[PDB]
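**Q** In order, the protein sequence lines correspond to chains L, B, G, P, M and A.
Heads up: take any position in the first sequence, counting from 1, add 10, and you land on the deposited numbering.
Heads up: take any position in the second sequence, counting from 1, add 10, and you land on the deposited numbering.
Heads up: take any position in the third sequence, counting from 1, add 1, and you land on the deposited numbering.
Heads up: take any position in the fourth sequence, counting from 1, add 1, and you land on the deposited numbering.
Heads up: take any position in the fifth sequence, counting from 1, add 30, and you land on the deposited numbering.
Heads up: take any position in the sixth sequence, counting from 1, add 19, and you land on the deposited numbering.
Backbone N, C-alpha and C define an ideal beta-carbon position, used for all residues, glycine too.
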Amino acid sequence: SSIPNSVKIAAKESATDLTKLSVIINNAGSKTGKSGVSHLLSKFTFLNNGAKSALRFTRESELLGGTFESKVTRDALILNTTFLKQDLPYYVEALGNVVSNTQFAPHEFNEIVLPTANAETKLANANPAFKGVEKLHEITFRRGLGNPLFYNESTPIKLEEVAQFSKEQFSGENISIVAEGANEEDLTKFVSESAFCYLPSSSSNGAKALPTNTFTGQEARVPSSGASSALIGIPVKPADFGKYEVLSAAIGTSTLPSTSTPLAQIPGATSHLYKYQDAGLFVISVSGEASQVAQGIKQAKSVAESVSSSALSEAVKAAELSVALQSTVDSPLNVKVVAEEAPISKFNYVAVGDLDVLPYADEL
Amino acid sequence: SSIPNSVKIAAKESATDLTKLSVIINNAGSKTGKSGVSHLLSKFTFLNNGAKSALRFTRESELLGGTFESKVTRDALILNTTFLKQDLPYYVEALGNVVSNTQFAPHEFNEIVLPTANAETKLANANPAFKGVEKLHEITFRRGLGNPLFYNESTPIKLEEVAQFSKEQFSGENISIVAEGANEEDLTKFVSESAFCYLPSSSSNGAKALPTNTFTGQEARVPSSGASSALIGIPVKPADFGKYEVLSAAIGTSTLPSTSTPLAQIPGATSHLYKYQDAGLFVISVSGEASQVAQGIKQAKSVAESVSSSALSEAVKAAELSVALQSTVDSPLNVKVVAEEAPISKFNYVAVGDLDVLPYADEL
Amino acid sequence: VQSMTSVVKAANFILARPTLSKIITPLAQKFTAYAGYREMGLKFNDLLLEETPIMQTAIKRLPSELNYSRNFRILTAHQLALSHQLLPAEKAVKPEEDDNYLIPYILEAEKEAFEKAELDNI
Amino acid sequence: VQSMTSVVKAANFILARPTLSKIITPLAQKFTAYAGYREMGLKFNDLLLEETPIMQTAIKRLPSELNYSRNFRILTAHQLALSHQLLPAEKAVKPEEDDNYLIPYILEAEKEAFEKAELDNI
Amino acid sequence: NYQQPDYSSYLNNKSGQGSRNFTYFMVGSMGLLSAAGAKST
Amino acid sequence: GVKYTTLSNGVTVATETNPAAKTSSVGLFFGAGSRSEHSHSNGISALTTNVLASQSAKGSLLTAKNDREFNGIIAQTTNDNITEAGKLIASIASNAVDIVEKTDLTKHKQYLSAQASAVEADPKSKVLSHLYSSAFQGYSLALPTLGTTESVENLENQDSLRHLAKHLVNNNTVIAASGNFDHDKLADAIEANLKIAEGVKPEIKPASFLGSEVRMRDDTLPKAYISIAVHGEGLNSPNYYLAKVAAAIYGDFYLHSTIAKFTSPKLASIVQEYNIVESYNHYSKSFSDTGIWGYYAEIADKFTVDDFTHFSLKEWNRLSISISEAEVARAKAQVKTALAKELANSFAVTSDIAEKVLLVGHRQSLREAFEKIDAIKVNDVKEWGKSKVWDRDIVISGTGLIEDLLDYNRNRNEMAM
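Shown next, in the form of structure tokens:
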């Protein structure tokens, strides 16, 4: 159902007595705004409201036993919440006061949003696989989906930019509420009487990200200390999400930790199909010691291609399982796994770590 | 002149009463060995000897008023010394004990060469122009000349590797002594009676770097805090060093600080032709604020091309001046400036800093 | 000792009634003028006792330009007291520049502290 | 106090002459055995007075494996002293295990210090 | 860099090494008077 | 071939012609730096030189030399093209007023203001530039060599034209050269092309040293940058080389250099017991009649600025007492090498020969300088130390993380014991 602001509301029952309510801001992710504003906004989103301060809201939520989180994705900014079914009228209201009338106080920008954002960026980039994936996105999609998922000092962000990116975003058309374990009529009533109905019907100056414009064949290299990594990225149209998913499930994927898969036989290797609204990225990554990774990535490439279609067929059911597991409420997916052949000749390549040992794209 | 070890010795008079004596190890630079070993070796080179310790040699040299330095270049490892004409028999002897029987003690690797190397790497990479140039070399020359000029933790180096890279290098054929303000016969006698005559005639297991194999069209981007930079690099054969030199002198170059040049009219812009034995790299760089650099690099690109040949002709004398200025003893050059047209369509592009603002190669 | 919130509440309690504002405001202005801090280049907020966690937090959150201006004012006041000389009326802080710049930050810190105390006391 | 270089020089002064080595070396071995440090898991080099800039430099210059083994030996000796018990001959440090591992580093540090003093004294 | 405040009036009229000599004289006189008083006490 | 030539007019052509010079340069200098400016017109000397140096060159490299005392344009070319460079600058100079009259200074003023701001951004140049001013506050020598943003913005063509007509005169101008070329051919080329108005040499504006401290405490910077110096011997002073020798006794230091642990100066060994300082630099800056002797230092630790100043100044005390012969022998050798290093490039010697010919009227080749330095005994250094260092007034400058830099009295008291 929807309200006059064109906010999409979806609600379905859940296995447990646990209401999982998420607000997905369609294009407030790292793709839309200036590089990193989405991450800083995700930090700010719960740190004050017109209705409630941060301290009061956090204390009341913990008293209520619920959990609130704000995760930034390239497509959308997701505000997750998980609370007992009894506490729905509270949290929905809170989320209203989060989407609108968020204070954006500088004393929080300098204290709780820059330190936290920098700490998260350092922690994530410490893993060479994640750094390689970010670079691979940056080179496969030069703008939009290529924007780094986290804030970086290389692109300074002023608080006014974050505040102006909260406004002209966060429009009724641009958000969707998704609830597991909540009645759609009750959630609709609460949203209607919440702050959401004060949102602009349509953003006056929405970013309106330009077409994806996938660029294939590019390679990059990111020197780094510690563990090394090597990643191969195939851009894919949405209609191909099925094919590659099956291919991933055929060779082995992070979403499906399972030995005996072709890719698992080489240490540190895993594949995953990042799915987005208008484009996707099939990533084959190997991590660990540089000398081991050098041969591991070549073996992983040789495994991704030359996979028999007969063997690919059995992977259809595993691909359906993987899609269902990834179908978590915050990121719903409708992917028709089809098992057709998936080309790999158009790969991008990115190496991280001991660049002296890791191979170049011409070596595959 | 030469000794039985095939060591090349060249000596010529100098304007001042100052002997400048340099030992150029032909292929002990960052191109040859494992990435960064040349820099670490440059750190070790004067830090101990069989004949003299670090402390004794440094104290005696300073008492003698001389200066000793060890700079690493992609082609060769250069051991510079500048001392009064009276002190030649000392320093040459010292350099002998430097090329051979260098101690390579671990307590120096951990105390005076790793901290110093890391400090120098951080100081140099702090300048976005130098970081961009290093990346541009890394992408234009995939190996060899592309190796970073300085040691980096991303490629761990063990002391034994440096010690084994000093041996099998530093062969008589592989070094050249060049002296300004020293008589060739006297220098030859001193070298013959120095430790140089104990060097291997030819290295048994010299690295013998592979052909340059320039790769053109590649682009890279290096996020960085502070000042941003944008660089364009044209790989060049040695025979073209003249042409590009003239072109550089036509638009403006770092070696020739001079306003009124076409490139100097845009702030922060400078050009330079890095010259090596078998390949070269013409680099047009712009540094400063990201927003300024974004347009500055495009203007510099538009200036490098469309430069009139008639205007290019006047740059011939400036190019000769630039070659003479760069002809410093440690890096002698024989470059015939020709003034012929110099193509730029094959450029590589590298951006450093606020990657959100800086352009992509498709924007030139 | 007295919370800035309490004094602001009392001041608004008075100011809301012209019956008392018309009587006290002239007296308050004369008292501040005679207080002698303006002639030293100081604003009211500069006199506030910094050595309190709430006050330190409020100062830390102060904008860069205001913080630097406050530092210069404090340094000038220290120099004047050290030299036993006062700024003339021309260089003195005019009444209209007593902008109470630091009060909002102190009140924010006080509100945070009071919310913490109220929430953890239940 | 005595420089390790001086004691090493004296030991080599003696050892160069069998006339004195054949007399003292047995006595030295017996005296080291009776010293009682081996039974506590300590080597000679562990007893050396660390609190000296030369000695601290030498230890800082020690390889990782030797440094960790020395740390364990010192900890074991402290535990044995605390418990007033000694290792049996089986677990005691054998005479051949007194390798004087730390002497080279101490001598290098002493040579550096002596070179500094000699050079700056001219 | 910038224009310094004018100290002309504050500057001393006396010689560069002379004023410090006079400062030495009075500091030493203070020290030795204090020594004499301490001796007496 | 240091020989000099005086044209039909009083202009002197001094040329350090020397075979085996890699490249040759010629430059016309007139003795009017920031010394000969005043606050309203500060930076005009740099602006007018930049405009002249901005003129089109026939393949030559015109660059502007700007300094406290002297200022001029320098052209660098290959040895075979030197005569063209000589004729070029004479054309630039003879047409100086005409060029400036029609020249639009807006772009040049932006370049000059950008330079001055860039000088302020670099902590060393700011500290040194402030240091020179604080010592000479109240006199024209305190003015920045390149001027200041607000001062420059008020400059107008009339200001420079007044400046050139006052200073760009035959008696106040010199021509310098260096490289592998015939002296006579250059002199003849200049005479046939240089036409300048006659005028009296402007009296050099006096300046006097005033011990003072200028603190720019900047807590956002990563390191503390400080410089402390005394009234060192300037040019045309018999102790000019002696001052340089004294500076070389303490020499240079850089904590992250391979030579740090093995360098001779006593202060270098002292500071490493705690890693007190990352880098420091002793220097003897010398002007026409006044010089500043001291050091520049960058401290990367907030808590060790006072420790450095104490030890560095304590080391200065050893100039007058317990100075070792080995140090003087080291300093003499180090200065001689440093002196010869400065004169390697033909550009550098051209600047140097112009400086001496203007500010002292005569020049000493390396042969004479080596004969002078070689004769410096330990006693001569000690007498100089007592004269110019012992209990003498210091001038202090500092910009970053200065909070630990103890005030003037503490540092000044360390100058005597």
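Can you check whether the CB of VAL326/L is closer than 7 angstroms to the CB of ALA349/L?
**A** Here residue 349/L refers to the residue found at position 339 of the first sequence. Here residue 326/L refers to the residue found at position 316 of the first sequence. Going by C-beta atoms, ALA349/L is nearer than 7 angstroms to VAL326/L.
**Q** Among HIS59/A, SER58/A, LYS77/A, which residue has its Cα nearest to the Cα of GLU324/B?
**A** Taking the second sequence and counting its residues from 1, the one referred to as residue 324/B is at position 314. Of the candidates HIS59/A, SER58/A, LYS77/A, the one whose C-alpha sits nearest the C-alpha of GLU324/B is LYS77/A.
**Q** In angstroms, rounded to a whole number, what distance separates the CA positions of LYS22/B and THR29/B?
**A** As a working mapping, residue 22/B is identified with position 12 in the second sequence. As a working mapping, residue 29/B is identified with position 19 in the second sequence. Looking at the two C-alpha atoms, the distance is approximately 10 angstroms.
**Q** Quick check: what's the CA-CA separation for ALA38/B versus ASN184/B?
**A** Counting from 1 along the second sequence, the entry for residue 38/B is found at position 28. Counting from 1 along the second sequence, the entry for residue 184/B is found at position 174. Distance between the alpha carbons of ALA38/B and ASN184/B: 8 angstroms.
**Q** Provide the residue(s) that pair with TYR299/A in DSSP beta bridges, ordered along the chain.
**A** To locate residue 299/A, count along the sixth sequence from 1; it is residue 280. The partner list for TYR299/A (beta bridge, DSSP) reads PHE272/A, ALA316/A.
**Q** In chain A, which residues lie with their C-beta within 9 angstroms of the C-beta of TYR40/M?
**A** Taking the fifth sequence and counting its residues from 1, one reaches residue 40/M at position 10. Under the 9 angstroms cutoff, chain A gives no residues; its nearest Cβ is about 10 angstroms from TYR40/M.
**Q** By Cβ distance, which residues of its chain are closer than 6 angstroms to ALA118/P, with the 5 residues on each side in sequence left out?
**A** Within the fourth sequence, the letter at position 117 stands for residue 118/P. None.
**Q** Between the segment 139–154 of chain A and the segment 92–105 of chain A, are three or more C-beta pairs nearer than 8 angstroms?
**A** Taking 8 angstroms as the limit for Cβ pairs, the verdict is that the segment 92–105 of chain A does not touch the segment 139–154 of chain A.
**Q** Can you check whether the C-beta of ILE278/A is within less than 7 angstroms of a C-beta belonging to chain B?
**A** Numbered from its first residue, the sixth sequence carries residue 278/A at position 259. Yes - at least one Cβ of chain B is within 7 angstroms of the one on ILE278/A.
**Q** Name the DSSP beta bridge partners of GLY91/A, please?
**A** Position 72 of the sixth sequence, counting from 1, holds the residue named residue 91/A. BP columns for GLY91/A point to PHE48/A, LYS84/A.
**Q** Hey, quick one: how far does the alpha helix (DSSP H) through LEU124/B stretch, first residue to last?
**A** Reading the second sequence from its first residue, position 114 is the one you call residue 124/B. Element bounds for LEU124/B: 124–135.
**Q** Between the Cα of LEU74/L and the Cα atoms of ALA64/L, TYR101/L, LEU50/L, which residue gives the shortest distance?
**A** Mapped onto the first sequence, residue 74/L falls at position 64. For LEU74/L, the nearest C-alpha among the options comes from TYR101/L.
**Q** Taking beta-carbon pairs under 7 angstroms, can you tell me which members of the segment 50–80 of chain B lie near chain P?
**A** So the list reads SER63, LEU65, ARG66, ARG69, given in the order they occur along the chain.
**Q** Helix, strand or coil: how does DSSP classify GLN228/B here?
**A** Along the second sequence, read from residue 1 onward, the residue named residue 228/B stands at position 218. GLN228/B falls in the coil class under three-state DSSP.
**Q** Since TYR284/L sits in a beta bridge, which residues does DSSP pair it with?
**A** Taking the first sequence and counting its residues from 1, one reaches residue 284/L at position 274. In DSSP, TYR284/L forms a bridge with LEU291/L.
**Q** So, helix, strand or coil for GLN86/P, using DSSP?
**A** Position 85 of the fourth sequence holds residue 86/P. Coil.
**Q** Hey, quick one: how far does the alpha helix (DSSP H) through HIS147/B stretch, first residue to last?
**A** Numbered from 1 along the second sequence, position 137 holds the residue referred to as residue 147/B. Its alpha helix (DSSP H) spans residues 138–150.
**Q** For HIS250/A, write down the residues that DSSP places opposite it in a beta bridge.
**A** What you label residue 250/A is simply residue 231 of the sixth sequence in a count that begins at 1. BP columns for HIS250/A point to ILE311/A.
**Q** If you count every other CB in all the chains shown that lies within 10 Å of the CB of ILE123/G, and 16 or more means buried, which is it?
**A** Residue mapping note: residue 123/G aligns to position 122 of the third sequence, counting from 1. The residue is exposed, with fewer than 16 neighbouring Cβ atoms inside 10 Å.
**Q** Helix, strand or coil: how does DSSP classify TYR244/A here?
**A** If you number the sixth sequence from 1, residue 244/A lands on position 225. The answer is strand: DSSP assigns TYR244/A an E or B state.
**Q** Determine, for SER58/A, whether the minimum Cβ-Cβ distance to residues of chain M falls below 7 angstroms.
**A** Numbered from 1 along the sixth sequence, position 39 holds the residue referred to as residue 58/A. It does; some Cβ of chain M falls within 7 angstroms.
**Q** Assign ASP117/A to one of two classes, buried (16 or more other C-beta atoms within 10 Å of its C-beta) or exposed (fewer than that).
**A** By 1-based counting over the sixth sequence, the position of residue 117/A is 98. Exposed: under 16 other Cβ atoms inside 10 Å.
**Q** Provide the residue span of the alpha helix (DSSP H) that contains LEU98/L, from first to last.
**A** Taking the first sequence and counting its residues from 1, one reaches residue 98/L at position 88. Counting along the chain, the alpha helix (DSSP H) containing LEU98/L begins and ends at 98–109.
**Q** Can you pull the chain A residues whose beta carbon is under 7 angstroms from the beta carbon of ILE123/P, in chain order?
**A** Taking the first residue of the fourth sequence as 1, we reach residue 123/P at position 122. Correct list: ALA345.
**Q** Our contact map puts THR222/B next to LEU155/B with C-beta atoms below 8 angstroms; I'd like the distance itself, whole angstroms only.
**A** Taking the first residue of the second sequence as 1, we reach residue 222/B at position 212. Taking the first residue of the second sequence as 1, we reach residue 155/B at position 145. Sure, about 6 angstroms apart at Cβ, within 8 angstroms.
**Q** So which residues of chain A does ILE122/B contact, with C-beta pairs closer than 7 angstroms?
**A** Reading the second sequence from its first residue, position 112 is the one you call residue 122/B. Within chain A, the residues near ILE122/B are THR277, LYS280.
**Q** Can you tell me where the alpha helix (DSSP H) with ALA206/A in it begins and where it stops?
**A** What you label residue 206/A is simply residue 187 of the sixth sequence in a count that begins at 1. Run containing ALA206/A: 202–210, per the alpha helix (DSSP H) assignment.
**Q** Under a CB-based cut-off of 7 angstroms, is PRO221/L close to chain B?
**A** Working through the first sequence from its first residue, we reach residue 221/L at position 211. No, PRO221/L does not count as interfacial toward chain B.
**Q** Assuming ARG84/L contacts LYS44/L under a Cβ cut-off of 8 angstroms, what Cβ separation, rounded to an integer in Å, is found between them?
**A** Numbered from 1 along the first sequence, position 74 holds the residue referred to as residue 84/L. Numbered from 1 along the first sequence, position 34 holds the residue referred to as residue 44/L. Between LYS44/L and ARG84/L the Cβ distance is about 14 angstroms, and since that is not below 8 angstroms, they are no contact.
**Q** Considering Cα atoms alone, identify which of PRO27/P, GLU109/P, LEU50/P, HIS85/P is closest to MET41/P.
**A** Taking the fourth sequence and counting its residues from 1, the one referred to as residue 41/P is at position 40. Looking at the Cα atoms, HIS85/P is the closest of the given residues.
**Q** In the DSSP assignment, what are the bridge partners of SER43/A?
**A** What you label residue 43/A is simply residue 24 of the sixth sequence in a count that begins at 1. In DSSP, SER43/A forms a bridge with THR96/A.
**Q** Spell out the partners DSSP gives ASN90/L in its beta bridges.
**A** The residue you call residue 90/L lines up with position 80 of the first sequence. Answer is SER32/L, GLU79/L, bridged to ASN90/L.
**Q** Let me check understanding here. Comparing Cα to Cα, which of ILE245/A, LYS126/A, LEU261/A, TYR23/A lies closest to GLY251/A?
**A** Residue numbering aside, residue 251/A sits at position 232 when the sixth sequence is read from its first letter. The shortest Cα separation from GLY251/A among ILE245/A, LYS126/A, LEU261/A, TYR23/A belongs to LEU261/A.
**Q** For the segment 161–183 of chain L, which residues have a beta carbon sitting closer than 8 angstroms to at least one beta carbon of chain B?
**A** Residues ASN162, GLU163, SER164, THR165, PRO166.
**Q** Across which residues does DSSP place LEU147/A in a beta bridge pair?
**A** By 1-based counting over the sixth sequence, the position of residue 147/A is 128. The partner list for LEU147/A (beta bridge, DSSP) is empty, contrary to what the question assumes.
**Q** Hey, could you find the ends of the alpha helix (DSSP H) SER159/A is sitting in?
**A** Position 140 of the sixth sequence, counted from the first residue, corresponds to residue 159/A. Looking at the DSSP string, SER159/A is not in any alpha helix (DSSP H), and its letter there is neither H nor E.
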